[PDB]
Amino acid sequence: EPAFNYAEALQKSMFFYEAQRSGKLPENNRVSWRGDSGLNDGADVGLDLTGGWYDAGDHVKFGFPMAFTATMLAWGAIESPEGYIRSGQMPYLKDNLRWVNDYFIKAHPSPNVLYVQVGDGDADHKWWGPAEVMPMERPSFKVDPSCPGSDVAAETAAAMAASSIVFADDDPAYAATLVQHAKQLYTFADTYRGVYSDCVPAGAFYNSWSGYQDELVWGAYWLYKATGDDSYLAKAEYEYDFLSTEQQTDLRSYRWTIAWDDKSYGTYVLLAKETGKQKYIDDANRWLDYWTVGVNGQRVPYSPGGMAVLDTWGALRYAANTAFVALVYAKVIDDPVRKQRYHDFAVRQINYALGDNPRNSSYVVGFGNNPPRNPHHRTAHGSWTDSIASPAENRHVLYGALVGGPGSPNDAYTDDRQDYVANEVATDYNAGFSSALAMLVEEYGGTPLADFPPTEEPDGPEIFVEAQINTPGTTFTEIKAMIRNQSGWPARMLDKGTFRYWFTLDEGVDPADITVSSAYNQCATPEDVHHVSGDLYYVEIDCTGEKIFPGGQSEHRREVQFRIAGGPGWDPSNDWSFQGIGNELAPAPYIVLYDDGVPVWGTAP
């Protein structure tokens, strides 16, 4: 039966994409530790560019890999709708695709204008904290006739074209809108030629190494499938002859694999599947042979554990991408030997990622045996001090994320959040992987978990007040209060906070004689005290205007030292807020914190 529960893995992969969402989240949000974020995206250009997915463990919205991710997910859903239907994940796949496509629509204000990036890679990567409280500015970047991007435009066109097929039967109106956008985007890409990275500051992250030739063949094919317009298939087969050859021969590239950059490999198979021409079959075969048996003595590096290691970065992502295409190809080819070779290779690579390896551990967060616990992801970590080192363990479980894994062919791996190689996570990492899982569910089955996602509970008070006696006295009480915002369910801002300290007026003390002073207060220092009833009074500290958020050592807290002097007769033992306050800084349950007038911590008299 299933060696691993492929349905559960796919179920968790869909949750991962939901955790990567940007913009205003829906009522039905399943990720309780995620809230609204990136709400002012596009503001700098007068457009609403909210929505879409955060690329990896950061908060930049990189259009090139985001679009590729969409095309791959749609492809898997087209190949194996049954896998998604049986795992009960089809509605989640559609919800994820609609989320990203709704953004592509927003990002395409007019036929030849495509916004391909929101956020600056360097400014974004300098800060380590939750998406909900990002403090930096997020610029919008685009490509147009003046500075084109055939690669990213053609990819987005393919993503929308491929997605339309998925929605065709459900929402024919939406499917039509997607196809219309895809057509315009492809014309733009075909007419105004250029590499997008020459126009937007994405070179250091997602540089178009292969160029755009591969995206022109890839986009044309998908448009053919979405429209049925023969001209597109003609266009694909024409552009195909200009694909990159390798080193010294006329053999088309067969030593790498399909990913966000080079789609050559996918077209080999897609066209072979579509036309049946020996031309495509020869290329597809050479490539898949290099990954399995080798061609001319050369073969992709293999670990003793049986993992295909193509490169240091996203090793598992690469193996997973190849595994998916191998499964698609294995169905079209007639040769029984090649069919078995490719199919078995695919299953072996996915199984390795799910736990069938020398470490006996899953490489999918929150899944299987001994999974990674500390993926390199800002929001999942939940740091409130702008530090990748604290807290030690991630505060949230990023269910479903496939990590980079072993970067070398030695099966070695250490679950370290600071290791951006082994523990990196990203939308494209789960694309081919998910599609492969859909195929495997259809073939081997598996059952999804009835109660998923689990509801996480906070690791402590999120927003609270700590206090301690600063200086002992008899005619006064001097408190050292600390307001803390270490929220993570979800991380939130506290910019309208005030707190009250209640006390009981004592015999012989005139309230007109009570003074509240401070030698250090990050908030306001009040002149009066407030009378409730009888001899119950309170001092109110006003911190409104102060942005207290989990985004740094100074940002997450406000220190407030305050002395309430009442003169002889002052007696704190009958003061409500005084209960439990000692000489060590600790949570003060009787000091109440208000967020715009609404109690958030402590209990009042």
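In case it trips you up, residue 1 is the first one in the sequence shown, and so on.
- Looking at 533-541 and 572-580 together, the entry lists the larger mean B-factor for 533-541, computed on C-alpha atoms.
- Just going by the entry, 395-403 versus 140-148 on mean CA temperature factor gives the higher value to 140-148.
- Ranking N470, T498, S362, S253 by Cα temperature factor from the entry places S253 first.
- The residue among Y206, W128, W287, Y520 whose C-alpha carries the highest B-factor in the deposited model is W287.
- For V31, the recorded CA B-factor ranks within the middle third of the chain. Only modelled residues enter the ranking.
- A236 sits in the highest third of its chain by CA B factor, as recorded in the PDB entry.
- When the modelled residues of the chain are ordered by C-alpha B-factor, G567 sits in the highest third.
- Placement of the Cα temperature factor of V600 within the chain: middle third of the modelled residues, per the deposited record.
- Ranked by Cα temperature factor within the chain, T474 sits in the highest third according to the deposited record.
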